[PDB]
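Q:
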Amino acid sequence: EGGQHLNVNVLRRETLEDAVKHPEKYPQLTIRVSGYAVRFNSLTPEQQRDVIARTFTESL
């Protein structure tokens, strides 16, 4: 068969950490959370915790 539907985020975890630090810097930063997209700044601190914690596949 094959997988169906996929959210694609190409980013580094550090960048998100930076975003948490200074939201003013990334006003239009958007990420795919679970089938939809949201501005990073829109999320709650707890909600953000969920995202950063998630797996970031690396090369190899």
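If you use the authors' numbering, the sequence shown corresponds to residues 68 to 127, in order. Beta carbons are placed, not taken as given, at the ideal position from N, Cα and C, and that holds for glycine.
Using only CA atoms, which one of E125, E113, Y103 lies nearest to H72?
A: Checking every option, the nearest Cα to that of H72 belongs to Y103.
Q: Going by DSSP, name the residue or residues bridged to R116.
A: DSSP, once it has assigned bridges, lists no residue as partnering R116.
Q: Assign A86 to one of two classes, buried (16 or more other C-beta atoms within 10 Å of its C-beta) or exposed (fewer than that).
A: Classification of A86: buried, given that the 10 Å Cβ count is 16 or more.
Q: With a threshold of 16 other CB atoms inside 10 Å of the CB of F107, please say whether the residue is buried or exposed.
A: Classification for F107: buried.
Q: Leaving out five residues before and five after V75 in sequence, what residues of the same chain have Cβ atoms less than 8 Å from its Cβ?
A: Cβ neighbours of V75 beyond the five flanking positions: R99.
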